[PDB]
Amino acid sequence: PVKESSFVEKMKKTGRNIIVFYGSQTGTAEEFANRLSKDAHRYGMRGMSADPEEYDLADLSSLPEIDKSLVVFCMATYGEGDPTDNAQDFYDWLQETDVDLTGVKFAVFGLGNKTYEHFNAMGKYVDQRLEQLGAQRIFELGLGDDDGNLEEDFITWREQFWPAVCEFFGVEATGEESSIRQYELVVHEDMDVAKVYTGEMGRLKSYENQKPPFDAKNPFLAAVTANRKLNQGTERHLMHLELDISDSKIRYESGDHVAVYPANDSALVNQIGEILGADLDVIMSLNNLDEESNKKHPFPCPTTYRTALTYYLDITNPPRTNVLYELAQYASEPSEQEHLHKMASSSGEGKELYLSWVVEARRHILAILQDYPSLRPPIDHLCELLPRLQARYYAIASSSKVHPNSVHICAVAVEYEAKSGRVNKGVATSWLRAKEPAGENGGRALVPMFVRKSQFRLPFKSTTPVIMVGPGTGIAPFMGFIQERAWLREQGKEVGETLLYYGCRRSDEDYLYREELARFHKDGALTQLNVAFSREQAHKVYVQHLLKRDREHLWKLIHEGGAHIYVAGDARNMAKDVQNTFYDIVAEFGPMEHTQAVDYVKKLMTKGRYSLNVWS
């Protein structure tokens, strides 16, 4: 990327004394950064949030040139305790630099967690490194946990952070409070249709005029060739889709991920407009009131409210506390204005109400507008407050050795009864489920997508043994692994053992790729096809039980055969239980104490022989 000029100079030229950097992948850290940046005004200060990737952090050395200057880092962790893609350069710089940061004042809030090994790795590193470099910490490191409730961890940290800042710099709670807007509304009663965004992510008309290379800013509209129901029963809906990436020049390997940009439910969009009495077809733009910022709009503009609510805004996840806080002013019934205002509390009934009535109940914006009927905010402000609609990732279920021009997806459609009382539908899966191949040329079901390279890969040597554990939709990446493994064999190569440990409720309910797997097994592509049917008997039978059963042979492949272990699917419980079972296997056949088995297994991970492709 081409770097922006010195952030320190921008701050000087714009009267800013605090800058907040975000290492964000799915926007969580980015949003916290903006919240902190906006907070500054309430304390006699002025800040800006910034993407570290667009700057050279070596300029931190010049920050002391600004009086009462301070830098805050909101850093989330990804991969294997890595830094977010956008924080890679900063991370590389921190280890390599020897620059002296004497005079620099900092604070760090990490978006870390517990269902992962190095929980909050990045956050801890930045906070530690800046100090080593000579900078002085102005407030304790924050350790947020997305497994419980990050929002609340942030609220807690934030509540103590500002007072600490005011006391150190000797500033007053000046601003106190008062509704402030980041963007101004400009309605376009004309506008040449050719310059109105209709859902594209980057360059205007980029969805209609496709031009490579394609990525997150320029997605490729892949035609949906196939979309079929995978499960045999009716309990749920599991689907297999095939996206045509021919002529896109996109490359991929088994184990990578495919991201898609979905469209919200039209009915839901319609109702929001209706309940607010807003005309959704109004063409408009929301322009930053700060003419100096590079963030000219909250989303592609000009555009209609309908398009924004459909392709650019998140209207289904529970609104964050600051959003409800800003909306409170539009609730005409006192008790309702009060509940909304108190959602941002660090303790008490207001906090409990938020955790239960909003988060736990999974109340999206429309639900709140319906249940607190006096809340009728203007459409333009709400659009400024809502977070951006994020792309959804899927473990590519095919091998490029076999399907170089097609990317496959295996997904379960999300649809559940929320405690809010309504049925919530998953944005991307509901949208993907409705995509229909059409028929030859009559209608073209297109899916905006791009590929994100992962580190989940089959061994370089075809002879290395492979142990795959992926129950449920965790089978997704392994279909690619297996197609490729079978391919290698077909190509005359010597392939080591390939074992699949799969699981589903019942063979006649949701045994995904039943036919394909049976075929691969029959042809020898799969050395063993171990399937745990969890509900075909009174007790549970899970993949870990099969692993325990085969402990002796697996240990042989692991300790003597240099086998590679892969775990995909549920990251919350399955992955951990599977990990624990491997601990026990190693502990028995080592032999060695549990503590040592853990180390042994954690080493396999570091040496690239124990990989994960899990999610929640």
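A residue's number is simply how far along the shown sequence it sits, counting from 1.
Do the C-alpha atoms of 332-340 or of 82-90 have the higher average B factor in the entry? Per the PDB entry, the higher value belongs to 82-90.
Compare the mean C-alpha B-factor of 131-139 with that of 388-396 as given in the PDB entry, and name the stretch with the higher value. Averaged over C-alpha atoms, the B-factors run higher in 131-139.
Quiz for you: based on the deposited Cα B-factor, which of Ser507, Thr307, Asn287, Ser248 is highest? Most elevated C-alpha B-factor of the set, per the entry: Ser248.
Tell me which of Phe32, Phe582, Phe589, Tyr566 tops the list for C-alpha B factor in the record. Highest C-alpha B-factor among the listed residues goes to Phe589.
Just say lowest, middle or highest third for the CA B-factor of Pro262 relative to the other modelled residues in its chain. As the PDB entry reports it, the C-alpha B-factor of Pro262 lands in the lowest third of its chain.
Tell me, lowest, middle or highest third: where does the Cα B factor of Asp577 rank within its chain? Its C-alpha B-factor, which the entry lists for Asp577, ranks in the lowest third among residues of this chain.
Sorting the chain's modelled residues by C-alpha B-factor, tell me whether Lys419 ends up in the lowest, middle or highest third. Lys419: CA B-factor falls in the middle third of its chain.
Which third of the chain does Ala58 land in by C-alpha B-factor: lowest, middle or highest? For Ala58, the deposited C-alpha B-factor lands in the middle third.
Please rank the C-alpha B-factors of the chain's modelled residues and tell me whether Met605 sits in the lowest, middle or highest third. Within its chain, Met605 is a highest-third residue by C-alpha B-factor, going by the deposited values.
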